[PDB]
Structure formats: C-alpha cells, structure tokens
Ligand code: MMC
Ligand SMILES: [Zn+2]
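In UniProt numbering, the protein residues as written are 3 to 260.
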C-alpha cells in the first residue's frame, strides 16, 4: 500500500513503487574508516546558522520535521565539498526502538541510537522542488546521536512532542537555534548519495560528521512516544524509522581528516 517501516511496507518493499531504490547512488551506506580516502583538497565546512528562522514542527507520519523559513539566505551551508550556497529547509531524526539501533549511516558497522539530518537545497536552483531534479541539488549534514549526557539544546524539541503526537499534527515552533545541535568538531566524511526515504532521489551530497552528539536516555525516550498513525487510528509507535545500509557500488567516501 503506501510506504512505511513495517513488515509489509518497509524498506525491502520500496523498489516496487520507487525503482530507484536499487539505483547506483543510494543512501545510507556503511562508512569503512580504513577505506575512506583522506582528501586534502577538501575545504572546511562553513555553517552560518546565526540568522536561522524556525517556523513550525510537524509529524508527517514517518518522522517529525522542524521547518525553517528558506525564502532568503538566512541559515546556509557552504564550503567542504560544496560549490555554492545551500539553504536549510528542515531537520528531522531517525531513531530506533532500542539504544543499540536507529542511525541510518553506520561507522565500521557501528550503529548509533539516532541520526539527525539538516536538509539543505542548492540556491542556484531557486526552490526545493527544482533542486530535487539535479544531481547536486541537496546537501544533507548527518549527525550521530549516542546515549549519555543530556543535550540542552534538544530540550525545546523534546518538550513540544506531546502536541504533535500523531500524523498530520503541527505546532508553531519559532526561535529554535540549530547551533545547539552541532558537536564541537566539524570533521566529516563525504560521498554522493540519495534521500533515505521515498522518493529516494539521488540528488544528495552527504556530509556526515565524525563526532556524535550526546543525548540522555530520557530525551530519546520521548521520541519513541510519537505515532506513525493519525488521530483516532490504532496506535503504532514511531520507532525504527531508519533504512539499512545500501551497497556503495561505484563510489568512494572521502574524509576531511586523517
Ligand atoms: C538527479 Hg536528482
Ligand atoms: Zn533523514
């Protein structure tokens, strides 16, 4: 029927409706740290989130998205492997039913408790919808979440989750600063990939940060209380909304460090 993360509509079934699922540049992948090539030509990342304008938080049925105003160069990503400016449109997470799983990318087969994705689109294309028709249309910054100490900057998000429990619900969510979700270091791995959920479009340049952020058990716990289902429907907890690692194929992962 329509795609999800269950037994009957899960990742293994996506290819039926979205044949690119078996494409040549699918994401996520396992990052093999000993086979990743250090590239000294890689420039440092430039994250300018000082002028970020968050607007709303939404449960879309597969995750919760925090949305930002992208009508101007307010919160952008540039540098690293990118050419041009990329504006932040939204961020969301992928998590598991247990602490031992939840991330999409893996590092030497290690899975984290969750993974944050800050989605950006290439301003040369004018809008999001056109950027997804290009091979260099999007840039996604991926950050790993491990369970440990609480992340202060994540608390405002955790707290509004009750008001967007079910699919389709949304809440006003202004003045949220995403600078609070970045680790100390900006060292990364980069490779050409795709969106990790349908439509699985191969428009992404992935930037995966080496350093994870810590969140408390209680913070991850509140994520696990969301619902995939709409209000008034039988309850299905939003957990395991992650896609397994795909074959690297004809690709090379580059490292900005050694
Ligand atoms: C090609 Hg997107
Ligand atoms: Zn994602």
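For every residue, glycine included, the Cβ atom is placed at its ideal position computed from N, Cα and C.
| Query | Result |
| --- | --- |
| Output needed for residue 127: all residues of its chain with C-beta closer than 7 Å, excluding positions within five of it in sequence on either side, in chain order. | 133, 136, 139 |
| When you compare only the Cα positions, how much space is there between residue 236 and residue 44? | 49 Å |
| Would the C-beta of residue 137 count as close to ligand 1, meaning under 6 Å from any of its heavy atoms? | yes |
| At the level of alpha carbons, what is the spacing between residue 260 and residue 231? | 44 Å |
| Kindly indicate which three-state DSSP category residue 191 falls into: helix, strand or coil? | strand |
| Take the Cβ of residue 72 as the centre, count every other Cβ of all protein chains shown within 10 Å, and call the residue buried at 16 or more, exposed below. | buried |
| Under a criterion of Cβ closer than 6 Å to any non-hydrogen atom of ligand 2, which residues qualify, in chain order? | 94, 96, 119, 198 |
| Following a CB-centred definition, is residue 183 positioned closer than 6 Å to any heavy atom of ligand 1? | no |
| Please find out if some non-hydrogen atom of ligand 1 comes closer than 6 Å to the beta-carbon of residue 203. | yes |
| I'd like to confirm the pairing. Which residues does DSSP put opposite residue 174 in its beta bridges? | 58 |
| Leaving out the 5 sequence neighbours to the left and right, which residues in its chain are closer than 8 Å to residue 214 when beta-carbon positions are compared? | 114, 145, 146, 147, 148, 185 |
| Could you check where the alpha helix (DSSP H) with residue 254 kicks off and where it finishes? | Note, residue 254: premise wrong, no alpha helix (DSSP H); not H, not E. |
| Based on the DSSP secondary-structure assignment, which residues constitute the bridge partners of residue 88? | 79, 124 |
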